[PDB]
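**Q** target-v7.pdb (PDB, C-alpha atoms and all ligand atoms) pasted underneath:
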```pdb
ATOM      1  CA  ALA J   1      40.092  89.179 -36.432
ATOM      2  CA  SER J   2      43.876  89.273 -37.002
ATOM      3  CA  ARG J   3      46.040  91.704 -39.021
ATOM      4  CA  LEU J   4      49.364  90.683 -40.628
ATOM      5  CA  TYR J   5      52.617  92.274 -39.508
ATOM      6  CA  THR J   6      56.262  91.514 -40.021
ATOM      7  CA  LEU J   7      59.232  91.866 -37.752
ATOM      8  CA  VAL J   8      62.844  91.568 -38.874
ATOM      9  CA  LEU J   9      65.865  90.904 -36.689
ATOM     10  CA  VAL J  10      69.303  91.630 -38.178
ATOM     11  CA  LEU J  11      71.248  89.044 -36.205
ATOM     12  CA  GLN J  12      74.954  88.559 -36.767
ATOM     13  CA  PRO J  13      77.178  86.039 -34.910
ATOM     14  CA  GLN J  14      78.100  88.474 -32.067
ATOM     15  CA  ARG J  15      75.552  91.337 -32.339
ATOM     16  CA  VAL J  16      71.994  92.227 -33.150
ATOM     17  CA  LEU J  17      70.604  95.459 -34.574
ATOM     18  CA  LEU J  18      67.661  97.042 -32.823
ATOM     19  CA  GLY J  19      65.888 100.349 -33.370
ATOM     20  CA  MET J  20      64.694 102.763 -30.709
ATOM     21  CA  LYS J  21      61.243 103.820 -31.815
ATOM     22  CA  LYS J  22      60.743 107.563 -31.518
ATOM     23  CA  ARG J  23      56.979 107.909 -31.986
ATOM     24  CA  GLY J  24      53.689 106.037 -32.375
ATOM     25  CA  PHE J  25      52.885 102.705 -30.783
ATOM     26  CA  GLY J  26      55.936 101.199 -29.082
ATOM     27  CA  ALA J  27      57.806 104.533 -28.726
ATOM     28  CA  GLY J  28      60.654 104.366 -26.201
ATOM     29  CA  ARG J  29      61.448 100.686 -26.767
ATOM     30  CA  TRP J  30      64.124  98.950 -28.755
ATOM     31  CA  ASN J  31      62.461  96.838 -31.452
ATOM     32  CA  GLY J  32      63.169  94.856 -34.530
ATOM     33  CA  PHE J  33      62.054  96.448 -37.811
ATOM     34  CA  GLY J  34      58.566  95.808 -39.042
ATOM     35  CA  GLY J  35      55.097  96.934 -39.886
ATOM     36  CA  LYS J  36      51.896  96.088 -41.652
ATOM     37  CA  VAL J  37      51.798  93.809 -44.675
ATOM     38  CA  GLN J  38      50.203  95.609 -47.653
ATOM     39  CA  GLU J  39      47.544  94.534 -50.180
ATOM     40  CA  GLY J  40      48.969  92.424 -53.005
ATOM     41  CA  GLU J  41      52.258  91.985 -51.162
ATOM     42  CA  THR J  42      53.628  88.673 -49.780
ATOM     43  CA  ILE J  43      54.546  88.558 -46.098
ATOM     44  CA  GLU J  44      58.267  88.143 -47.006
ATOM     45  CA  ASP J  45      58.166  91.075 -49.453
ATOM     46  CA  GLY J  46      56.532  93.103 -46.693
ATOM     47  CA  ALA J  47      59.344  92.138 -44.288
ATOM     48  CA  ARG J  48      62.040  93.260 -46.788
ATOM     49  CA  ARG J  49      60.220  96.559 -47.470
ATOM     50  CA  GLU J  50      59.737  97.383 -43.772
ATOM     51  CA  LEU J  51      63.376  96.674 -42.977
ATOM     52  CA  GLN J  52      64.375  99.342 -45.520
ATOM     53  CA  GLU J  53      61.773 101.909 -44.433
ATOM     54  CA  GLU J  54      62.701 101.604 -40.787
ATOM     55  CA  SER J  55      66.434 100.860 -40.822
ATOM     56  CA  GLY J  56      67.654 101.945 -44.270
ATOM     57  CA  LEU J  57      69.098  98.444 -44.838
ATOM     58  CA  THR J  58      68.725  96.312 -47.906
ATOM     59  CA  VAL J  59      68.202  92.558 -47.279
ATOM     60  CA  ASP J  60      68.355  89.882 -49.961
ATOM     61  CA  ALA J  61      67.851  86.538 -48.092
ATOM     62  CA  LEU J  62      65.386  86.514 -45.178
ATOM     63  CA  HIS J  63      64.669  83.404 -43.128
ATOM     64  CA  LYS J  64      61.372  82.934 -41.305
ATOM     65  CA  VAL J  65      61.957  82.207 -37.634
ATOM     66  CA  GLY J  66      58.649  82.616 -35.898
ATOM     67  CA  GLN J  67      55.067  83.582 -35.746
ATOM     68  CA  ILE J  68      53.745  85.424 -32.690
ATOM     69  CA  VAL J  69      50.217  86.538 -32.070
ATOM     70  CA  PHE J  70      49.697  89.520 -29.776
ATOM     71  CA  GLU J  71      46.418  90.223 -28.061
ATOM     72  CA  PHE J  72      45.705  93.427 -26.165
ATOM     73  CA  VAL J  73      42.773  92.872 -23.840
ATOM     74  CA  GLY J  74      39.746  94.798 -24.939
ATOM     75  CA  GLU J  75      41.195  95.514 -28.431
ATOM     76  CA  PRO J  76      39.486  93.620 -31.275
ATOM     77  CA  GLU J  77      42.380  93.160 -33.614
ATOM     78  CA  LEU J  78      45.045  90.535 -32.947
ATOM     79  CA  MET J  79      48.498  91.190 -34.350
ATOM     80  CA  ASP J  80      49.704  88.197 -36.366
ATOM     81  CA  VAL J  81      53.429  88.865 -36.478
ATOM     82  CA  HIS J  82      55.691  86.960 -38.855
ATOM     83  CA  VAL J  83      59.235  87.123 -37.549
ATOM     84  CA  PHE J  84      62.270  86.895 -39.827
ATOM     85  CA  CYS J  85      66.036  86.829 -39.325
ATOM     86  CA  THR J  86      68.863  88.099 -41.681
ATOM     87  CA  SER J  87      73.183  89.041 -45.013
ATOM     88  CA  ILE J  88      72.521  92.807 -45.379
ATOM     89  CA  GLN J  89      73.754  95.833 -47.424
ATOM     90  CA  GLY J  90      74.011  99.434 -46.335
ATOM     91  CA  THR J  91      74.612 101.104 -43.009
ATOM     92  CA  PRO J  92      71.736 101.603 -40.527
ATOM     93  CA  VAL J  93      70.082 105.013 -40.976
ATOM     94  CA  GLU J  94      68.830 107.123 -38.030
ATOM     95  CA  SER J  95      65.668 108.903 -39.020
ATOM     96  CA  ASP J  96      62.857 110.925 -37.342
ATOM     97  CA  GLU J  97      61.169 107.602 -36.572
ATOM     98  CA  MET J  98      63.937 105.235 -35.560
ATOM     99  CA  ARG J  99      67.422 105.293 -33.917
ATOM    100  CA  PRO J 100      69.258 101.993 -34.780
ATOM    101  CA  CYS J 101      72.012 100.591 -32.577
ATOM    102  CA  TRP J 102      74.064  97.383 -32.568
ATOM    103  CA  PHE J 103      73.998  95.378 -29.345
ATOM    104  CA  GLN J 104      76.367  92.658 -28.240
ATOM    105  CA  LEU J 105      74.419  89.420 -27.611
ATOM    106  CA  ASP J 106      75.138  89.537 -23.839
ATOM    107  CA  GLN J 107      74.015  93.237 -23.691
ATOM    108  CA  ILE J 108      70.434  92.960 -25.116
ATOM    109  CA  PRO J 109      68.417  95.803 -23.444
ATOM    110  CA  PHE J 110      65.504  93.699 -22.265
ATOM    111  CA  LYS J 111      64.476  96.309 -19.670
ATOM    112  CA  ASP J 112      63.836  98.747 -22.593
ATOM    113  CA  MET J 113      62.167  96.212 -24.892
ATOM    114  CA  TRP J 114      58.678  94.786 -25.069
ATOM    115  CA  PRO J 115      58.295  92.254 -22.201
ATOM    116  CA  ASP J 116      57.622  89.304 -24.551
ATOM    117  CA  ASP J 117      61.141  89.554 -25.978
ATOM    118  CA  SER J 118      62.585  88.068 -22.828
ATOM    119  CA  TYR J 119      60.724  84.838 -23.663
ATOM    120  CA  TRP J 120      61.414  84.330 -27.370
ATOM    121  CA  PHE J 121      64.883  86.007 -27.800
ATOM    122  CA  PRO J 122      66.650  83.015 -26.098
ATOM    123  CA  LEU J 123      65.115  80.926 -28.939
ATOM    124  CA  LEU J 124      65.981  83.342 -31.705
ATOM    125  CA  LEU J 125      69.625  83.493 -30.436
ATOM    126  CA  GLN J 126      69.917  79.725 -30.481
ATOM    127  CA  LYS J 127      68.564  79.527 -34.105
ATOM    128  CA  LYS J 128      65.301  77.954 -33.057
ATOM    129  CA  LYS J 129      61.923  78.493 -34.724
ATOM    130  CA  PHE J 130      58.787  79.155 -32.720
ATOM    131  CA  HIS J 131      55.106  79.864 -32.452
ATOM    132  CA  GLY J 132      53.952  82.180 -29.687
ATOM    133  CA  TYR J 133      50.903  83.954 -28.328
ATOM    134  CA  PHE J 134      51.074  86.746 -25.748
ATOM    135  CA  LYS J 135      48.056  88.355 -24.099
ATOM    136  CA  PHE J 136      48.822  91.855 -22.815
ATOM    137  CA  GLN J 137      47.001  94.191 -20.531
ATOM    138  CA  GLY J 138      48.233  97.574 -21.639
ATOM    139  CA  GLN J 139      51.828  97.758 -22.899
ATOM    140  CA  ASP J 140      53.711  96.470 -19.840
ATOM    141  CA  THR J 141      51.934  93.396 -18.512
ATOM    142  CA  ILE J 142      51.753  89.912 -19.907
ATOM    143  CA  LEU J 143      48.605  88.228 -18.515
ATOM    144  CA  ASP J 144      49.290  84.831 -20.132
ATOM    145  CA  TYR J 145      51.240  83.394 -22.994
ATOM    146  CA  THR J 146      52.204  80.258 -24.852
ATOM    147  CA  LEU J 147      55.490  79.661 -26.654
ATOM    148  CA  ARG J 148      56.534  76.466 -28.464
ATOM    149  CA  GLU J 149      59.458  75.522 -30.658
ATOM    150  CA  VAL J 150      58.562  74.205 -34.086
ATOM    151  CA  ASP J 151      60.406  72.666 -36.976
ATOM    152  CA  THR J 152      58.458  74.713 -39.552
ATOM    153  CA  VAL J 153      57.020  78.209 -39.051
TER     154      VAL J 153
HETATM  155  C1  LIG U   1      62.367  92.780 -30.725
HETATM  156  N1  LIG U   1      60.946  92.708 -30.436
HETATM  157  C2  LIG U   1      60.084  93.567 -30.967
HETATM  158  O1  LIG U   1      60.480  94.420 -31.742
HETATM  159  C3  LIG U   1      58.660  93.528 -30.483
HETATM  160  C4  LIG U   1      58.283  92.704 -29.426
HETATM  161  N2  LIG U   1      57.077  92.632 -28.911
HETATM  162  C5  LIG U   1      56.107  93.451 -29.410
HETATM  163  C6  LIG U   1      54.839  93.436 -28.782
HETATM  164  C7  LIG U   1      53.840  94.262 -29.209
HETATM  165  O2  LIG U   1      52.575  94.290 -28.689
HETATM  166  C8  LIG U   1      52.265  93.340 -27.673
HETATM  167  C9  LIG U   1      54.074  95.175 -30.258
HETATM  168  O3  LIG U   1      53.010  95.986 -30.562
HETATM  169  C10 LIG U   1      53.228  97.068 -31.477
HETATM  170  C11 LIG U   1      55.306  95.244 -30.844
HETATM  171  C12 LIG U   1      56.341  94.344 -30.481
HETATM  172  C13 LIG U   1      57.654  94.334 -31.064
HETATM  173  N3  LIG U   1      57.946  95.093 -32.184
HETATM  174  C14 LIG U   1      57.102  95.268 -33.307
HETATM  175  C15 LIG U   1      57.155  96.471 -34.011
HETATM  176  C16 LIG U   1      56.363  96.671 -35.126
HETATM  177  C17 LIG U   1      55.511  95.666 -35.536
HETATM  178 CL1  LIG U   1      54.512  95.922 -36.915
HETATM  179  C18 LIG U   1      55.433  94.454 -34.879
HETATM  180  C19 LIG U   1      56.245  94.281 -33.790
HETATM  181  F1  LIG U   1      56.172  93.111 -33.117
END
```
How does this structure look as structure tokens?
**A**
Amino acid sequence: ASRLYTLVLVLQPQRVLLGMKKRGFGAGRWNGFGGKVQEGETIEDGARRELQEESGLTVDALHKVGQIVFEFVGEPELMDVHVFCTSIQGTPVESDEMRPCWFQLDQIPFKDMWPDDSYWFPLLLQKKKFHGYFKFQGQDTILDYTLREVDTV
């Protein structure tokens, strides 16, 4: 009972782009860019499409960096999130849904991000690949988790 999602991190040598979500689920937190994979679409094509819809950026080469499953206690559907890292074109676009901002790598706003990010961002920043699972109670509490580095996602 899992649904496919993507998440894209635009990570440059000294900064990362994140978007402040204005509405819907996750509003008020800085996030990568992502959403649901569509019918007939590959996961990677979904990742490229969502980065444009949410940030206005065009990505050619995407690299898969992780897979994280999110469980919300009581909720039937698990989120199977395929995480990718990016060479981009365009300038980030602020829209009604998302306010993008560049962050220096020592200024990541973990306090205003989903709590799981604190666990897997140190891996992302060090160019590691990973598999994770986080079980949440509500939006603020991690009940339990697993996180492992892998050679292949
Ligand atoms: C830079 N880290 C993130 O951006 C990020 C981190 N953790 C998340 C945890 C979540 O629930 C437990 C979650 O539920 C909607 C969203 C998360 C999330 N963003 C995100 C946005 C849109 C999708 Cl489709 C998928 C995502 F993971």
**Q** How would you write, as number ranges by chain, the set of residues no farther than 9 Å from ligand LIG 1 (chain U) when counting all atoms listed in the file?
**A** J: 4-9, 18-19, 21, 25-26, 29-37, 50, 68-72, 79-83, 113-117, 120-121, 134-140, 142
**Q** What is the atom CA of residue 150 of chain J-atom CA of residue 51 of chain J distance in Å, reported with one decimal?
**A**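 Atom-to-atom, atom CA of residue 150 of chain J to atom CA of residue 51 of chain J, that is 24.6 Å.
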**Q** Skipping near chain neighbours, those fewer than 2 positions away, what residues fall within 8 Å of residue 90 of chain J using all atoms listed in the file, listed as a short mmCIF file (atom, residue, chain, number, x, y, z; two decimals) with C-alpha atoms, in the coordinates of the input?
**A**
```cif
data_model
loop_
_atom_site.label_atom_id
_atom_site.label_comp_id
_atom_site.auth_asym_id
_atom_site.auth_seq_id
_atom_site.Cartn_x
_atom_site.Cartn_y
_atom_site.Cartn_z
CA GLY J 56 67.65 101.94 -44.27
CA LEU J 57 69.10 98.44 -44.84
CA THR J 58 68.72 96.31 -47.91
CA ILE J 88 72.52 92.81 -45.38
CA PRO J 92 71.74 101.60 -40.53
#
```
**Q** If you apply the PyMOL selection byres (((chain J and resi 77) around 7) and not hetatm) to this file, what residues do you get, as a JSON list (two decimals) with C-alpha atoms, in the coordinates of the input?
**A**
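What follows is the written file expr10.json:
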```
[["chain", "number", "residue", "atom", "x", "y", "z"],
["J", 1, "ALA", "CA", 40.09, 89.18, -36.43],
["J", 2, "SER", "CA", 43.88, 89.27, -37.00],
["J", 3, "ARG", "CA", 46.04, 91.70, -39.02],
["J", 75, "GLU", "CA", 41.20, 95.51, -28.43],
["J", 76, "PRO", "CA", 39.49, 93.62, -31.28],
["J", 78, "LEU", "CA", 45.04, 90.54, -32.95],
["J", 79, "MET", "CA", 48.50, 91.19, -34.35]]
```
**Q** Record the distance separating atom CA of residue 61 of chain J and atom CA of residue 118 of chain J, expressed in Å with one decimal.
**A**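 Computed distance, atom CA of residue 61 of chain J to atom CA of residue 118 of chain J, equals 25.9 Å.
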**Q** Nearest to residue 131 of chain J among J:98, J:153, J:16, J:59, with distances taken over only C-alpha atoms: which residue is it?
**A** J:153
**Q** Set up a box along x, y and z of the file covering all listed atoms of segment 67-76 of chain J, add 5 Å on every one of the six sides, and write the centre and edge lengths in Å to one decimal, as AutoDock Vina command-line options.
**A**
```
--center_x 47.3 --center_y 89.5 --center_z -29.8 --size_x 25.6 --size_y 21.9 --size_z 21.9
```
**Q** Could you jot down the atom CA of residue 145 of chain J to atom CA of residue 66 of chain J separation for me, Å, one decimal place?
**A**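 Atom-to-atom, atom CA of residue 145 of chain J and atom CA of residue 66 of chain J are spaced 14.9 Å apart.
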**Q** Please check which residues have atoms at most 6 Å from (61.8, 79.2, -40.8) in the file's coordinates, counting all atoms listed in the file, and write them as a ChimeraX atom specification.
**A** /J:63-65,152-153
**Q** Out of J:62, J:73, J:11, J:27, which residue has the shortest atom-to-atom distance to residue 43 of chain J when counting only C-alpha atoms?
**A** J:62
**Q** Find the residue from J:126, J:87, J:55, J:141 that sits nearest to residue 17 of chain J; use only C-alpha atoms when measuring.
**A** J:55
**Q** Using all atoms listed in the file, pick whichever of J:103, J:119, J:128, J:110 has the shortest atom-to-atom distance to residue 144 of chain J.
**A** J:119
**Q** When distances are computed from all atoms listed in the file, which of J:28, J:108, J:84, J:130 shows the smallest separation from residue 45 of chain J?
**A**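 For residue 45 of chain J, the nearest of the given residues is J:84.
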**Q** Using all atoms listed in the file, can you tell me which of J:106, J:125, J:111, J:67 comes closest to residue 147 of chain J?
**A** J:67
**Q** Rebuild N, CA and C atoms on segment 93-118 of chain J, as a compact mmCIF listing (two decimals), in the frame of the given file?
**A**
```txt
# COMPACT_ATOMS: atom_id res chain seq x y z
N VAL J 93 70.38 103.59 -40.87
CA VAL J 93 70.08 105.01 -40.98
C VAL J 93 69.25 105.47 -39.78
N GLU J 94 69.68 106.51 -39.05
CA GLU J 94 68.83 107.12 -38.03
C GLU J 94 67.91 108.11 -38.74
N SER J 95 66.64 108.02 -38.43
CA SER J 95 65.67 108.90 -39.02
C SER J 95 64.85 109.51 -37.89
N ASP J 96 63.83 110.31 -38.25
CA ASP J 96 62.86 110.92 -37.34
C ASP J 96 62.04 109.85 -36.61
N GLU J 97 62.01 108.63 -37.15
CA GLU J 97 61.17 107.60 -36.57
C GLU J 97 61.92 106.56 -35.80
N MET J 98 63.21 106.37 -36.10
CA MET J 98 63.94 105.24 -35.56
C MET J 98 65.42 105.53 -35.39
N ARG J 99 66.00 105.11 -34.23
CA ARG J 99 67.42 105.29 -33.92
C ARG J 99 68.04 103.87 -33.82
N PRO J 100 68.73 103.37 -34.89
CA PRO J 100 69.26 101.99 -34.78
C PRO J 100 70.58 101.95 -34.03
N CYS J 101 70.80 100.83 -33.34
CA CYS J 101 72.01 100.59 -32.58
C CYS J 101 72.32 99.10 -32.58
N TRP J 102 73.62 98.76 -32.66
CA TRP J 102 74.06 97.38 -32.57
C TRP J 102 74.24 97.04 -31.11
N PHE J 103 73.82 95.86 -30.72
CA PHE J 103 74.00 95.38 -29.34
C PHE J 103 74.76 94.09 -29.33
N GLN J 104 75.72 93.96 -28.41
CA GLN J 104 76.37 92.66 -28.24
C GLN J 104 75.32 91.70 -27.69
N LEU J 105 75.44 90.40 -28.00
CA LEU J 105 74.42 89.42 -27.61
C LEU J 105 74.25 89.19 -26.11
N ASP J 106 75.21 89.64 -25.29
CA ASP J 106 75.14 89.54 -23.84
C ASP J 106 74.72 90.88 -23.23
N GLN J 107 74.38 91.88 -24.09
CA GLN J 107 74.02 93.24 -23.69
C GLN J 107 72.66 93.67 -24.30
N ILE J 108 71.77 92.70 -24.57
CA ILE J 108 70.43 92.96 -25.12
C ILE J 108 69.63 93.78 -24.08
N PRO J 109 69.07 94.96 -24.45
CA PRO J 109 68.42 95.80 -23.44
C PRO J 109 67.00 95.41 -23.14
N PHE J 110 66.83 94.20 -22.56
CA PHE J 110 65.50 93.70 -22.26
C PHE J 110 64.63 94.62 -21.44
N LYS J 111 65.23 95.37 -20.51
CA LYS J 111 64.48 96.31 -19.67
C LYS J 111 63.79 97.40 -20.51
N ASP J 112 64.36 97.72 -21.71
CA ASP J 112 63.84 98.75 -22.59
C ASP J 112 63.27 98.15 -23.85
N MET J 113 62.78 96.91 -23.77
CA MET J 113 62.17 96.21 -24.89
C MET J 113 60.80 95.77 -24.45
N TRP J 114 59.97 95.35 -25.40
CA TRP J 114 58.68 94.79 -25.07
C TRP J 114 58.91 93.56 -24.18
N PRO J 115 58.05 93.35 -23.15
CA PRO J 115 58.30 92.25 -22.20
C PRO J 115 58.32 90.85 -22.81
N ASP J 116 57.62 90.63 -23.93
CA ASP J 116 57.62 89.30 -24.55
C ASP J 116 58.99 88.90 -25.07
N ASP J 117 59.84 89.89 -25.40
CA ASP J 117 61.14 89.55 -25.98
C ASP J 117 61.98 88.69 -25.09
N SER J 118 61.85 88.86 -23.78
CA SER J 118 62.58 88.07 -22.83
C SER J 118 62.32 86.58 -22.99
```
